[PDB]
Each structure stands twice: as structure tokens, then as C-alpha cells.
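Next up is one chain by itself, shown in C-alpha cells, the form deposited in one PDB entry.
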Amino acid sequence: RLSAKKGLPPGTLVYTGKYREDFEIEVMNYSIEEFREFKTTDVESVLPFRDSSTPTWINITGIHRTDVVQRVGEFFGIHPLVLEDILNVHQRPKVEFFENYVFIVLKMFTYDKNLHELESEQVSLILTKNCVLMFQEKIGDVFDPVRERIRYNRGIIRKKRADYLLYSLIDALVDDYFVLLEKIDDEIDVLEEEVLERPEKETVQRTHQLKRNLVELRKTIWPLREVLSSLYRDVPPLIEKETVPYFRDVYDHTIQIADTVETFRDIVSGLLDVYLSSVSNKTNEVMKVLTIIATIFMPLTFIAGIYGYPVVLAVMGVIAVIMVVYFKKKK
């Protein structure tokens, strides 16, 4: 549903999401020499991989299938509290370190331009033995470049173990926030136009909309930085002075992303005061126009009114040009 699933016992596997469309399993098992890869929708087929001596990346898509999550969960010996965190998708990103596995929760965003609105999808990962278990809400992810790298043997991914695969997955995900930040920079640039130039009713709507989107963004990003901070200065089954430099590089991007997001909160928050000033000033002009038209034709209509002749007209042009050369000392 949404943020209530109340009075249920601790271990209860409920998908609180909204995507119940697809379901797919996808394995990739690889070594320095060779690699295999397949999709199935039968779970019992991927369970043997728990015991590979070679890296495997099991990617379960469509976790609305709580049955499936439970089965994989029990088989790999994952705590029910963890499985529950997998299936509840309104949640702090986070990392927890257990005996024989690392658990990570991350968000993966989408921004629709022009209908200025942003959705997220939760991704969970579990490193354990030679496996990276991945859990997703819906088909469509940012991990495609990583598949190619295993498939077409690019980079060093094939030489390296399962922890480096975790790295590689996290790095693909963090990098995507750069795409997202670029799109948001464009809305900001568009919006600081309308503000001091197209003053309007729907212009104020979009400002607030962006501010709101930024707050949501900040809410994910700051714990995301903490995730990567934790992965970097910590380290159990992450082959150490080996992969640690790589986590640190993602940690760095994380810090960059956080900084850029603060920068936007900052720029945007002033934006309304810029609009307020653009409009109060458009008021000032309307006022001046009213006031000069008023200030000449008020006495002129008065002296023409005291009745009850080209010397009246002449006084009417004298006190009319001493107005206009007084609104040459302001206006």
C-alpha cells in the first residue's frame, strides 16, 4: 500500500510497493576464463549457484513476488528482518553487516522532464559468498553497462571477485544520479528565467514543485553518502587493499552529488524572493503610471472646474510642464 502495514509481527514479508507488473530472474556467473548467463522464472534453478567458487550476479526483478524472496532468503540464510527490509520500499538507504553477508539498500531515480515529477525504485543488494543478490521492483535498470562488461570481457571485472561486482553495481547506480542532477540543473536554469521575466500563476507552482523534488532528493542522497562512507572505512569480506580504493572512488562521487544537491536547495530557496521582487516592482510601475496621470489631470480638471481664457489655458500648460519636469527627478 503506502507507509502503514501496522500490527504485523517483525518477520512479515509484505511488498509495500506499487509495481506488480513483471517478474524475472537473471543470473550471470563468470570467471576469468568463461561466463554463462540466463533468464528464468523458476527459482529452484538459481539456488545451486549459492555454492559457486566463481562470482555470480543473481538479479531478481519484481519483488512483489514475496514467495520468491522468501525462498531465496531462507536458502542463503538471510535474516527475516532483512528480507522484510527488502520488500518494504519506503526506507532509509542503508548498509548492515552480518556474519556472512553485507546488506545494502539503495534508491534509483527517474525524472520526467516537462511533467516535472520524480519517481524512485528501490534496489537491494546482498553480498554473500560469491554472490551478489539483487532485488528490483520493475524491469528497467541502470546496470546494463555492467552486463556488457561481463559479456564482452571489458575492464577488469572478470579478473576480480564478487566484492568487485558489488562495487561495480553500486558504481553504476551512483553514476546515474549525475544524469538526474543534469536534468534538474536545466529546470533550475529554466525557472530563474520565468521568475524575473514571465511572472505568472503557474510559475510559482513549478518553483514549489522543484523545491519539493529537491527535498526528496536530499533525503536519499545524504544517507547514500553514509552508505558509501561505511563501505569504505570498514571492510569485512571486501578483499581489502584491493577493492577499497574502488569503493572510495564511489564515496567521492557521493560527496560530489551531496554537494551539488545542497547547491540547488540553496539557489532555489531564494527563487521565490526573486519572484516576489520581480512582481512588487511590476506594482511600483503601475503605481507611477497611475500617479503621474493622476497628479497632472487632478489640478487641471480642478481649475477648468472653478468655472464656475487663453490665460487659463496658459497656466494649465505651465503647471502641467512643471509636473513633467519634476517627474524628471524620479520616475
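Just count from 1 along the sequence shown to find any residue number.
Visitor: Are any deposited residues left out of the model between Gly308 and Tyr309, and how many (none, 1 to 3, 4 to 9, 10 or more)?
Guide: Missing in between: 10 or more residues.
Visitor: Going by the mean C-alpha B-factor recorded in the entry, which is higher: 59-67 or 30-38?
Guide: Higher mean C-alpha B-factor: 30-38.
Visitor: Mean Cα B factor from the PDB record: higher for 102-110, or higher for 184-192?
Guide: Mean C-alpha B-factor is greater for 184-192.
Visitor: Split into thirds by Cα B-factor across the chain's modelled residues, where does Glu242 land: lowest, middle or highest?
Guide: It belongs to the highest third of the chain when residues are ordered by C-alpha B-factor.
Visitor: Would you mind checking where the Cα B-factor of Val215 ranks among the modelled residues of its chain, as the lowest, middle or highest third?
Guide: Ranked within chain, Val215 CA B lands in the middle tercile.
Visitor: Determine, from the deposited record, the chain-internal third of the Cα B-factor for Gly140: lowest, middle or highest.
Guide: Ranked within chain, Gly140 CA B lands in the middle tercile.
Visitor: Comparing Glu148 with the other modelled residues of its chain, is its CA B-factor in the lowest, middle or highest third?
Guide: As the PDB entry reports it, the C-alpha B-factor of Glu148 lands in the middle third of its chain.
Visitor: Name the third of the chain's ranked CA B-factors that contains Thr203, choosing lowest, middle or highest.
Guide: Tercile = highest for this residue's CA B-factor.
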